[PDB]
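Throughout, a chain's letter reflects where its sequence line sits, starting with A, and its residues are numbered from 1.
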Amino acid sequence: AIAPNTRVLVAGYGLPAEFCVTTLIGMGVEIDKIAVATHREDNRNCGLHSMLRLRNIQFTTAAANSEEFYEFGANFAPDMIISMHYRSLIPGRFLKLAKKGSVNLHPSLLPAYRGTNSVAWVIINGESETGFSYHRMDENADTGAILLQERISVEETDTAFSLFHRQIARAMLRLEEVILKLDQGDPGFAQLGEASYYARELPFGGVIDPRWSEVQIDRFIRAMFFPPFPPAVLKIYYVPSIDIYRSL
Amino acid sequence: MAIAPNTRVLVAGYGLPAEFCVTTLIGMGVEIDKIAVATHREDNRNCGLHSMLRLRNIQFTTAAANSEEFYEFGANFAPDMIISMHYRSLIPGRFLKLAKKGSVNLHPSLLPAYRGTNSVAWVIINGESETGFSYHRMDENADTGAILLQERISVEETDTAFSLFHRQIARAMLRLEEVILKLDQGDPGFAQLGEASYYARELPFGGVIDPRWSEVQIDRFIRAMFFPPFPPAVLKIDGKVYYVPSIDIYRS
């Protein structure tokens with residue numbers, strides 16, 4: 001099992017966090033030993049919210065930088081903090097509340113592909129491999145000792161949509177193991193190699209430059225595929241697949 | 001090895017396992033227009049799913065499993081496979097027929113042991129030290145058909161219905177991808193073997209401790225009734241009803 005009377009704060013959003021809470025209940029962690037920091041109910045975060053309400057699990061939606069959020073942590077007094085797709089930077093003072101520390105899920109092999117749109121940028125740049133990294137957190141983004149990584153092959157037929165969902169699914173299959181490592185106080189290993197980073201913004205503002213090769217265009221199209229967001233644009237109009245691009 | 005291109009997969013399901021199943025199928029490269037979901041009305045446990053369906057524009061029905069609307073929904077979609085993930089109505093033989101590659105259902109017992117519906121509680125109540133889950137091809141009957149995948153889960157002294165139910169889901173989801181690939185490849189699965197047993201829908205002994213049971217049976221029953229937000233096991237002392245504490249406190 002996990003050490004009894006262990007207190008776990010999950011900071012998270014969506015399925016990953018719903019799945020994490022599920023896993024924790026499965027490892028024996030009591031309800032009063034669990035707490036969730038999240039964001040408001042929306043069309044990705046409804047499962048989490050409906051579970052929090054049904055099972056009466058204490059939670060906050062307060063902003064990560066608010067005194068209300070800090071107090072939610074201090075009143076709970078966690079042993080560990082798990083970040084599952086939490087969308088805001090968690091201040092150092094908050095992370096410091098967790099006496100056994102924390103773990104975040106990042107869908108790249110860090111220090112490669114820090115930032116956001118990792119799954120989109122992996123496809124554009126033509127990577128044959130990506131993966132995910134579970135890592136210990138510090139005050140900074142995507143930094144800290146690696147507890148676990150798994151390599152994910154990128155396919156020629158992958159879109160951002162498919163790679164995003166495979167990222168989640170595969171990452172979940174290693175979560176239990178990761179919580180143990182955190183519980184056992186595994187220090188993990190330092191990040192190393194060639195670090196890269198990519199921004200909030202939508203790659204090339206979602207528009208296809210026609211001076212690119214057919215190979216890069218196809219990749220851009222695939223990386224911009226993410227329903228219900230609009231797909232890539234050509235100018236001459238809307239291009240969700242290479243066939244439709246070949247039709248034009 | 002990857003799922004066949006243009007595979008068409010209908011998912012009949014409810015709650016997280018179904019949401020996770022769809023996540024699993026999209027990550028395996030099954031395209032959205034080639035996914036369909038049959039589920040029930042939106043309620044607490046099914047929001048995750050309903051919101052996904054709506055956000056990603058995945059076609060779905062909530063029609064009753066025995067309704068003509070449901071049959072036609074399947075017929076029109078024309079699945080290669082059907083995957084049941086905590087679907088709550090018996091799917092008729094004629095619907096399952098539509099899937100050329102057939103179907104799979106997730107059941108949280110080592111079938112044919114613990115057919116029926118409070119598998120987790122009954123496993124605890126009977127003092128099993130070992131249970132598991134079963135992925136199986138469906139036919140017209142409930143809990144019948146060839147096994148594609150069984151995995152063992154051990155039951156602990158500290159397990160409750162709550163803990164075990166959630167470990168059943170978590171652990172079962174980790175074999176899902178593999179099971180979809182078994183169906184992809186036409187694995188026939190293997191006939192069910194061993195002693196069958198069965199348990200009905202109504203809550204074991206109406207949620208009530210019989211004080212004449214031994215300490216060890218009462219221990220088990222209190223654990224099997226622990227499932228928030230539902231009320232725990234009940235003890236009657238001098239014709240006067242009491243809610244039991246958590247086994248933690250019961251054990252002192």
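- Between A:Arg166 and B:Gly27 the shortest heavy-atom distance is NH1-O, 2.9 Å.
- With a threshold of 4.5 angstrom between heavy atoms, B:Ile32 approaches chain A through side-chain atoms but not through N, CA, C or O.
- The number of heavy-atom neighbours closer than 6.0 Å to CD of A:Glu201, taken from other residues, nucleotides and ligands shown, is above 12.
- Residues A:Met51 and B:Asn44 approach most closely at N-OD1, 4.2 Å, considering heavy atoms.
- The contact between B:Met173 and chain A is made by backbone and side chain atoms together, counting heavy-atom distances below 4.5 Å.
- Put simply, CG on A:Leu54 and CG on B:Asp43 are 9.0 Å apart, with the number rounded to the nearest 0.5 Å.
- Looking at A:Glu30, the atoms closer than 4.5 Å to chain B (heavy atoms on both sides) all sit in the side chain, from C-beta outward.
- Across every non-hydrogen atom of A:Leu15 and B:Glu19, the tightest pair is CB-OE2, 4.0 Å.
- Ranked by non-hydrogen atom pairs under 4.5 Å with chain A, the options B:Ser163, B:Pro5, B:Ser246, B:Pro228 are led by B:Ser163.
- Shown here is B:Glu130, whose CD atom has more than 12 heavy atoms of other residues, nucleotides or ligands within 6.0 Å.
- The contact between B:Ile26 and chain A is made by backbone and side chain atoms together, counting heavy-atom distances below 4.5 Å.
- Once rounded to the nearest 0.5 Å, the distance linking CZ of B:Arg45 with CZ of A:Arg55 reads 6.0 Å.
- With a threshold of 4.5 angstrom between heavy atoms, B:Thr23 approaches chain A through its backbone and through its side chain.
- Closest approach of B:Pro229 to A:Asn56, counting heavy atoms only: CB-OD1, 3.9 Å.
- B:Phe165 does not touch chain A: none of its heavy atoms, backbone or side chain, sits under 4.5 Å away.
- When every heavy atom of B:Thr24 is checked against every heavy atom of A:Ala169, the shortest pair comes out as OG1-CB, 4.2 Å.
- In this structure, chain B has a heavy atom under 4.5 Å from the side chain of A:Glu176, while its backbone stays farther away.
- Proximity to chain B is limited to the side chain of A:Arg170, based on heavy atoms less than 4.5 angstrom apart.
- Closest of all the heavy-atom pairs between A:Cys46 and B:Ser51 is CB-OG, 3.5 Å.
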